Structure formats: structure tokens, C-alpha cells
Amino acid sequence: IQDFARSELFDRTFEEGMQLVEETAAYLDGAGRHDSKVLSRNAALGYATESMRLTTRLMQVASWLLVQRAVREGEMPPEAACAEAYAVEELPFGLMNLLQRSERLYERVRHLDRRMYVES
């Protein structure tokens, strides 16, 4: 019943989660700023709302990975986490990439979340 028996994979998807967050904050406060301020207004409004979706999505993943790590270290009980979460767009190259990486990271976590807690 216990299992969670975390390693190898988790351990891999944790590294993906943390690197994505580091590259996002570096982009949004760096190149993304200059990428967005040379857009048209409709493209910038699109950049604005899609930046929010990116950071929110990563917040869920970061929160998930850190809690599951806290459970793996024994800081949090294995039983706590059993309720715990789970239009025209021509955007810049950098934002578009991080958004596609975050989507692949999200469902990678969601599938891991279901096999880890929803099963069977």
C-alpha cells in the first residue's frame, strides 16, 4: 500500500521541473522582455496571458515535485497528499518553446500522479 518507492523516474522528472522553472524566469526577466516589447499589441496581450499560464502551470508542477520529495525524505507523511491537487496566437520563439516543454512536463507529472495515487 506504501509504495511510493521513488527513484529513477521521479528523480528524472524532478530535474526537468526545476530546470524548466529556472529557464522560464531567466527568459521572462531577460530575453522575453525584449521579445515582447517589439510585438504588436494583440501579440503582446497574447504574450501576457500565455506567460501567466506558463508560470501557473510550472507552479503546480514545482509544488507537486517538492511535496513528493518532502514525502520521500519523511518530512511529510505518505498519507498526506491523497487529496493534494494534481484564438490567433503568433508568439515568440522562446515563449513558444517553454510552453511546449511545460505541457510535456505537465502530463508527464499527471500520469505519474495517477499511477502513484489514483491506481487502482
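The first residue of the shown sequence is 1; numbering continues from there.
Next on the checklist: Zero if continuous, otherwise a range: how many residues of the deposited sequence are missing coordinates between residue 86 and residue 87 (none, 1 to 3, 4 to 9, 10 or more)?
Outcome noted: A long stretch, 10 or more residues, is missing between them.
Next on the checklist: If you average the CA temperature factors as listed in the entry, which stretch comes out higher, 61-69 or 25-33?
Outcome noted: Comparing 25-33 with 61-69, the higher average CA B-factor belongs to 25-33.
Next on the checklist: Can you tell me whether 50-58 has a higher mean C-alpha B factor than 88-96 in this record, or the other way round?
Outcome noted: If you average the C-alpha B-factors of 50-58 and of 88-96, the larger mean comes out for 88-96.
Checklist entry - residue 12: which third of its chain by C-alpha temperature factor? => result Middle third by C-alpha B-factor.
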